[PDB]
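In structure tokens, the next block holds one chain alone, the form deposited without the partner chain.
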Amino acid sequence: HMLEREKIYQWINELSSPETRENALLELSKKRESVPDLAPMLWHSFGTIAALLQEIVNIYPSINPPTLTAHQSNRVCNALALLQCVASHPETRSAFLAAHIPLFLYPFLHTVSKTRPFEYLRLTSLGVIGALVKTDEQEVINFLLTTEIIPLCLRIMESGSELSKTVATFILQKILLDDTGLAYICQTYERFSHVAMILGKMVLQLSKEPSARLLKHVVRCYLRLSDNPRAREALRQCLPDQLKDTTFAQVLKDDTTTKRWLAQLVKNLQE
């Protein structure tokens, strides 16, 4: 079993030298799920994390104006996959969050360029936050709330590719699912409205160009909002017509879980 371990150790060492870092990132990214202890191995040295963070820092000049290549995007995404590995491990998650590592990813979420290198960079960056929200931790929710991730997700939900829209909606859904999260969004009409308006624009687009995967997350967000009494009275007035119609009835005939959620939403809204 030591042949795998010795290969992992060698690649970890190779991240220190910039001459061997690119190949080491590629090899280690392929083992992000195969090796369960990969995250504490990576976190052990400040040097390994500094090297991964250096890869993120190297593409910040490719933002203004947008000049990112597929090669640049692909290499940084290999380093984001190693950070995602550290974000989701039970031994390293708290330390990753105490080190404010997601903040290094926020400049990538702020980008608006629709070229594939930037859109796929946002997809992978969203994936790191996605892995982090999936852990189902109060510390994660508190971090995301104070660092203003909600506006970043809403922008992507409105203008991103189908996959980026799904991850962004999934992040919002997981924040909404938490009691602190739902209370935060429903605290002011402004915050609720930002969410409701974007969800509404998404329903109108899904009625033109369908996506059952995206619709599943959009409906779950609306259903969670219905649990708050103020959001429920607001939705009685602003809920899109397409959700009360037979608009998605054809598609939802094959998606029982979503059809159930939409039924529970109309039931919550009819008092």
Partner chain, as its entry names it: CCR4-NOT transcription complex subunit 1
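Rigid core here is just the name for the largest C-alpha set that superposes within 1.5 Å across the two forms. Residue numbers count along the first chain shown, from 1.
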Legend entry - Of 203-211 and 226-234, the stretch whose C-alpha atoms average the higher B-factor in the entry: 203-211
Inset, instruction - Select between 11-19 and 244-252 the stretch whose C-alpha atoms have the higher average B-factor in the entry. - result: 244-252
Legend entry - Out of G47, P36, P66, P40, highest CA B-factor residue: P36
Inset, instruction - From the list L239, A70, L52, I59, select the residue with the highest C-alpha B factor recorded in the entry. - result: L239
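Another form exists, solved in complex with the partner chain; not displayed. Remarks below refer to it.
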Legend entry - Contact of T147 with the partner chain in the deposited bound form (heavy atom, 4.5 Å): yes
Inset, instruction - Could you confirm whether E158 comes within 4.5 Å of the partner chain in the deposited bound form, counting heavy atoms only? - result: no
Inset, instruction - Evaluate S207 for contact with the partner chain in the deposited bound form, applying a 4.5 angstroms cut-off between non-hydrogen atoms, and reply yes or no. - result: no
Inset, instruction - Considering only heavy atoms, tell me if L239 and the partner chain come within 4.5 Å of each other in the deposited bound form. - result: no
Legend entry - Stretch 38-67 - residues with a heavy atom within 4.5 Å of the partner chain in the deposited bound form: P40, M41, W43, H44, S45, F46, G47, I49, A50, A51, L53, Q54, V57, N58, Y60, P61, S62, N64, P65, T67
Legend entry - Rigid-core frame, C-alpha of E209, shift of 2 angstroms or more between the shown form and the other one: no
